[PDB]
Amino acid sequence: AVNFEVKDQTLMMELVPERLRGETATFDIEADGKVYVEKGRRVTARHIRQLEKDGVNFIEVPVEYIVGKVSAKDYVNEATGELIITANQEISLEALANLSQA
C-alpha cells in the first residue's frame, strides 16, 4: 500500500570543536552545502572559528558511520545523531481502502 523510495540520505553528528583542531580530515567537514575543510587538509584554528561564526553545531558524517564502517572520531559526539532521508512516498489509496475493507 505504501512504497518509500530513498532519493538521498545524510547523517549529521554534533561537532566537538576542541577535538577537531589539528586533525587531518578524512572526509570533507561540511554542513548545509558549505565545505569548511576539504578531505586531506589539516584543520586550522581559523577553520574552527569559521564553523563557530556560522553557528555550525552539527557536521555531516558518512552514513557508513552508523553501520560501523568508519572508525569513531573524537570530534563528533557519539551520543548524538540525526539521520535525514529524502524520499518519494507513494501511497496507494486504493490499496489502503482494501486493507481497510478487509
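We number the residues from 1 along the sequence you see.
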query = residue 84's Cα B-factor: lowest, middle or highest third of the chain?
reply = lowest
inquiry  = For the chain shown, is the CA B-factor of residue 90 in the lowest, middle or highest third of its modelled residues?
reply    = lowest
key: Chain third (lowest, middle, highest) by recorded CA B-factor, residue given as residue 67   = middle
inquiry  = For the chain shown, is the CA B-factor of residue 46 in the lowest, middle or highest third of its modelled residues?
reply    = lowest
remark   = Here the Cα B-factor of residue 29, set against its chain, lands in the third termed lowest
